[PDB]
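Remarks on the structure that follows.
Per-chain numbering from 1; labels A, B, C, D, E, F, G, H, I, J and K assigned in written order.
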Amino acid sequence: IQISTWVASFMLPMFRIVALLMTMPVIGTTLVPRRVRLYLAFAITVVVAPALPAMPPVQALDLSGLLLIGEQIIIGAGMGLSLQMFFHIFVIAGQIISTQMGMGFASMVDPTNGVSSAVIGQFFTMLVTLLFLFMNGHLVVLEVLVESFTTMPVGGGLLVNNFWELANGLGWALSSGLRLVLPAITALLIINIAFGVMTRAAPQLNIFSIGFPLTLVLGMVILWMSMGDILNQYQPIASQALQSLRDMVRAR
Amino acid sequence: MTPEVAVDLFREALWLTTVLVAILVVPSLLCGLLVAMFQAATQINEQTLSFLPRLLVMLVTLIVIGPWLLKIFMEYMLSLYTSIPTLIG
Amino acid sequence: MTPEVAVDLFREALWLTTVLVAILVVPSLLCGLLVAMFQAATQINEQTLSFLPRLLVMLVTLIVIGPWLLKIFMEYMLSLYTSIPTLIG
Amino acid sequence: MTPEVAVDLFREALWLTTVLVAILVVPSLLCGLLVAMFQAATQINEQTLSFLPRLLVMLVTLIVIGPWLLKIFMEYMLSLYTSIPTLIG
Amino acid sequence: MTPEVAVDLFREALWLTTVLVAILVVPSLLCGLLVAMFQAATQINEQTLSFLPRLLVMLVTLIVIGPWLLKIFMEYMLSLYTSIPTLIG
Amino acid sequence: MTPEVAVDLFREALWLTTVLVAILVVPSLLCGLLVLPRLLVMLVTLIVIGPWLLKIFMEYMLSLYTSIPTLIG
Amino acid sequence: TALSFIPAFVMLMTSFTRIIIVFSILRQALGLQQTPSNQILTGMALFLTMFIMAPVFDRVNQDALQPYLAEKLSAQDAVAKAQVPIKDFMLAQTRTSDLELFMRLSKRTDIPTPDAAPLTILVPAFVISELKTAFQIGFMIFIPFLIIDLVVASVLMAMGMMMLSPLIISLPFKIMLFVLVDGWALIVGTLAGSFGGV
Amino acid sequence: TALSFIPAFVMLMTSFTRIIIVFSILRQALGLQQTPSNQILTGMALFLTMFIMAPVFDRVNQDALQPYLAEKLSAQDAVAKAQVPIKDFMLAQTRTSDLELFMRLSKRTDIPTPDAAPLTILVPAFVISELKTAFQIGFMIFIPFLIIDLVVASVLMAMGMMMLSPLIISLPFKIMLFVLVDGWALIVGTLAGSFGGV
Amino acid sequence: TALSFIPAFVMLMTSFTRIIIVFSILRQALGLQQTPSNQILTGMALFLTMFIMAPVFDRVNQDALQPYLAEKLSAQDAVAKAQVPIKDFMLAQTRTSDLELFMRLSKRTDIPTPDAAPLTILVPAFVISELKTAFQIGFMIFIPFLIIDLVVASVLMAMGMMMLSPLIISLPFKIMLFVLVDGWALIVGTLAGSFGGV
Amino acid sequence: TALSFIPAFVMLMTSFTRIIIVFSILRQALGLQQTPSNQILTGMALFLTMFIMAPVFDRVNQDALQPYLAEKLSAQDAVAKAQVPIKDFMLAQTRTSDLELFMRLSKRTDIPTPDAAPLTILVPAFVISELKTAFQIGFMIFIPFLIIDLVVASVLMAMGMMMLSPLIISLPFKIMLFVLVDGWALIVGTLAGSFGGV
Amino acid sequence: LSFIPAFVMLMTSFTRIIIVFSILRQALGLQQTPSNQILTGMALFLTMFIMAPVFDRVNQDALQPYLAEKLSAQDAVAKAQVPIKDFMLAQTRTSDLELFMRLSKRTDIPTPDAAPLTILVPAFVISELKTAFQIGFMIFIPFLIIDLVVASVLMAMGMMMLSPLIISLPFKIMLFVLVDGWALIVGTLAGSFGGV
């Protein structure tokens, strides 16, 4: 060898981009093997490594570059989580619909299959992964991260104490989730109540027998109907989430 | 691949799912409504003579429908897996 | 192995399942109809003297049927597991 | 171990289960029939003065039966777990 | 720990459970019997003026009983969790 | 927690449950005393009550949360 | 042992545990839905933990790392000089009863200061008081969701609507009542306030 | 390798097996809630184990490691000198029936010393007694939560209110009752008391 | 590669697979609980395997290791002389049907001695017989817990009390019944007795 | 490259894939149980591989190793003489449709003999054919356990007794049925019989 | 040690293949233990079969003349870089290339990628993940249909708590056998990869 002196000089942006890729919803969802992700981040870092300063950790304070690596891992994981709650918006929307259809009788035991999310949660997650990938989304994040090294680059790092923002994160996620399925949810509710009137009008209507087949037949239809609007409902949400990333890194 | 294409695909999937579920379930739902008839004629407030006929009719419906439902699904799957390399780009 | 063969196999499975379920359940359903008789003669709007006899008759039916149901299932399983290497190809 | 032996074991299990369920439940069923008496004398079409006495009698029956039911089950379990190494082969 | 001790413990548990359930429920059952009075005086065949007073009286009974039921349960739990290391062996 | 406090909170919550369920169900009870109608009365009651009940529950939830840190100890 | 070292040494001595337990109770207290996924719940709890440990970690950096950017000392007393602030922080929240219990169960020798001279007797006391406080907060935040479950179920059976599983109806009501009351600013403020002395 | 060896030797001869299992019963005994994560339960039980093993490890350090900071011996009799205290400790809690059963199943030779000449026959008896006693304790601490569950279900069913799933309602009641009785100090006390001779 | 091979060896050529599987069935047969953690179950099965192979390992060390502390031979016939005891031992427990089936599917050449000239045809027959016997034992030790489950579910439904999840109510009755019959000493004695000729 | 060498070359070119996949489809087809641990399953698949690859390895040691205990050649044509047996063996089992597909997708030159000149076009063919056959066998052995599942669930529902998790009640019936029909010798003989030309 | 396997995952076909197979293993019944150790080997054999023309050209231009002690650690390495370079260029979407030229900010190269290849590799792997997730969800959809039909039939049977994944696994396997499943997917991978 006798050449590994400049390749390990920076060593910091590698950790930042690795931390982003591990906590991202598409690149880092365990369908990609860790070798691919690690070496992908290595490639991205030999791309972006020009035009950035270094602040070497070389050898002082038995390990101090470890403090600095912790700083950068925190920043990158913050990015990843900030745009992960974005996908969890649609995860939560799909799962509210799935539960209301009647696919969540695994709740009040916890010996069970679980509230089946592979059936609907994976469905909407695939929706969003596709749409996100076809938008500039998967790309803009990278651009965002580049500007990161010019707003809070390295050194003192000026990490931040703003975590509160993304700690308040899931809130709007829940909120956003509602505004996606509100036209569906209400419908389902009515159906339930509608069927309820039947049970009130004619007794001995056992509605493990009749209630849930009807609710599922109509819930699939309602899913198909809301899937029409899903795109025009999605478009502003991605904009808001990418601006959230933009201000999370560009500010401070 | 455009978001429009993703919506195309999920409309295929969801319409196929809802038509399969209707085809499989509606006879069981109707037999449930008929045992509801029976329990409403005489005040038989029972819990399981409403489940057994529904299961019997569901299994009979599976057996009867069977091959042509499987064929519909097979060439839906074949359409998808033959069109993949085009809709990629 | 043809889709026709897969339909053959699932027709075996589903007919065996529905006949097993009928054999096991129909006596319990009949005892439920008979406690429905009893609750319809005198206006006993009750909820569990309709469950206890059904469970007793279900367990008695399991005990009685028992060995020959097990034999039917055993040589169905034996048929499947002896025919596998042929229906493979 | 013969299928005959498996049927032996499941006859033990199912007879023990049905006798335990009868012993535990029949007094509750009888108190339900008695509150059905009460609701049939005067036209009290109620829904829960038929549940409360049944639960009280079920818990009292558990407390009373208690130790000797536990003993029956303990030495049934002991019979099974002492005979395992013989009925293996 | 003897099976006798296990029966001791479950007699504690089941008697506490049945007395708690009686204490909490019997006033609601009595108000249900009283709305049954009301519906029997005039032929009001209704379904929910029998539920609302029962729920109101149940919640009022919880509020009233409250602290001393909680105290009974607290020092039952304290008895159990202080006696555990002795009844272990 | 000093169980007295827990009983206090539980009494508050049970009284709120009583208040809400009463406000919602008593009109249907009266309209069933006079006589599909009762469901319509429930709908009318939901709409006519509307914001102030949700606002009182919002006040109570806000109070619960804003009080948690002190009730801990 | 480095993989077992992280949670036990750091995640135990911080705010993480009560935050993550309150978040789990919430995920259960909330509509029956799962999948806030305990993968963004863990990240969210970790970032709350960092925001709350900001002053603690500031003191740690002041007294340990600020002089030790300069190759001063390695694996010796400075570790105790950094243990001091986190130890005092942990004392600030451990109940007197649990400290008394562990001093009684150690029986070594009455330490003069209220702080436990070894850390390994203060950390489990901290964790026990931590779980107790976390279950306190959890019960508290569960209360109104139980109220909504009860109200909806009462109405549902009051319309003779059996077998409709009023939890399936109460999930949207739960999330609506959880969003109108703003939900997460509240709960996260309660955690961040109950944790420190304001 | 090390992950194959450390768990067995260090968590089956020690108290860990009794503690964690009990805690797991707790996580089941308590409200249906999962996610005290069994990763803070593991660390918490590990601290309780190091805290109960304190006299045992003190005596091992005195008998083996105190003279062996001076390069005295390696991989010889010192290992048996260290085995003796843990052996006597394990013997103190192994039920007589289990030792009799394993001496019967080994059939080698009647060894009069209470400690089993090989640790390989004393350890399984200790682990079996540990499982039996941990199940005893976990069942004990389960009983009152079963009481709360049955009371809640009976009240719901008595309000004509079926299908409200009395378990989701019981969860905050279980948490409340488990906090008011102090819950965790109680159970840590029972463990650390029943395990040793007081 | 040897690192990945050895544990498969200690499982297949020894008692392990019969024990762990049975324990596994127990962890399912017993209350629905997970976390006896299959890491203390694995260690306990390893200890039972050592305790049961004590005579086999004794004979191996007699015929192989006792003369080979003096640099006698390496990677040669001594390995075969060590194969003989474990080979005869495995033969002691393979059912005749499995050996017949594997000689039939090998078709190489008939061997007069019952022992198969290759170890590689004997091991799979031993493993098949082992899994068959393990599932026999596991099912036998499952039956009574099924009885308890049916009893509790039937009682719950018989109180009109649907949707209480009889498994959650049955977990303590399962645990009590499994401690009163002594539970673990029974099963471990059964495993260690059915394995050899007593 | 050894870790990408051994398990890639010899665990795909031999019978390992279909056996291990069938065993996994079994472990799931059998009662919901995990912990046959996929480790004793990997080992049992490896020994069934050694047992089935017996004639192939015999021919390999005939044409390759038998003359090459004598330092004849190295890293040359003897490797192709060793590829010949495994190549024709693989050809004996790849479906015609698959070899057609891969000759079509290669487009290089129409090789006269059925096996294309290199192995890198036959191995993916063999693996796809093996996966298709493994899924055929796995589904075929799954069917009856599905029948037991549906029957048990239907009987539990028809007893008015839902929420009892018919998989936990079906696990013993599955194990019993899988022992009475002898279960394991059936499936192992099926693998080793459908694998080769009998 | 891990430097050599790295450049094979990034530059060659390995990424999208192993990703589609991981989707499958997840797309299929919940089953694990296709073990990702025979999936890695299967994807590596498919990588060899697909890189056959690329590796053929590499051996042509680099290794054929370099059995003869010609040159070492010099321009021959770039002569070997050229074929894989244009191969990767054939599949990187235009957007990723534009973006990485934008992020490098170096001398304008709208013509093919920068010679160091350091700014084509990540663009290739990004377009690779994009196309791999495309195909993955494409083959995942019908298994979702089966999951939903199974779960909705089971619930419509009033038969809950049966974990419809354990009942959907055999139907997934059956449908994946009937449509022949694996040849479809491998042909799709090896055809959508290059120009046909």
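Note that a residue touches a chain if its C-beta (ideal position, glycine included) is under 8 Å from a C-beta of that chain, and two chains touch if they have at least 3 such contacts.
Chain identities (UniProt): B, C, D, E, F = Flagellar biosynthetic protein FliQ; G, H, I, J, K = Flagellar biosynthetic protein FliP.
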Open item on the list: I want to compare two interfaces, F-G and C-I. Which one has more contacting C-beta pairs?
Closed with: F-G
- [ ] Using residue numbers, check each pair in C-J, D-J or D-H against C-I and return the one sharing over half of the contact pairs.
- [x] D-H
Open item on the list: As a quick test, compute the distance in whole Å between the mean CA positions of subunit D and subunit I.
Closed with: 35
Open item on the list: Quick check: how many Å separate the C-alpha centres of subunit J and subunit K?
Closed with: 24
Task: Euclidean distance of C-alpha centroids - subunit G vs subunit J, Å - done: 49
TODO: For subunit A, write out the residues touching at least two other chains, lowest number first.
DONE: 102, 105, 107-109, 111-112, 123, 130, 197, 200, 203, 206, 208-209, 213, 216-217, 220
Task: Two or more partner chains touched - positions in subunit I - done: 7, 32, 136, 143, 146, 150, 154, 157-165, 167-168, 176, 179-180, 193
- [ ] For subunit C, jot down the residues that touch at least 2 other chains.
- [x] 1, 3, 6, 10, 17, 21, 25, 28-29, 45, 47-48, 51-52, 54-55, 70, 74
Task: Residues of subunit J defined as touching subunit I within the complex - done: 6, 31-37, 39-40, 42-44, 46-48, 50-51, 54, 159-165, 168-169, 171-172, 175-176, 178-179, 182-185, 188-189, 192-193
Task: Sites on subunit J touched by subunit C in the complex - done: 95, 133, 136-137, 140-141, 143-144, 146-148, 150-151, 154-155, 158-161, 177, 180-181, 186-187, 190, 193-194
Task: subunit I-facing residues of subunit E, complex - done: 1, 3, 6, 10
Open item on the list: Residue numbers of subunit E touching subunit H in their complex, please.
Closed with: 1, 9-10, 12-13, 16-17, 20-21, 24-25, 28-29, 51, 54-55, 58, 70, 73-74, 76-78, 80-81, 84-85, 87-89
Task: subunit F - residues contacting subunit E, complex - done: 3-4, 6-7, 10-11, 14-15, 17-18, 21-22, 25-26, 28-29, 32-33, 38
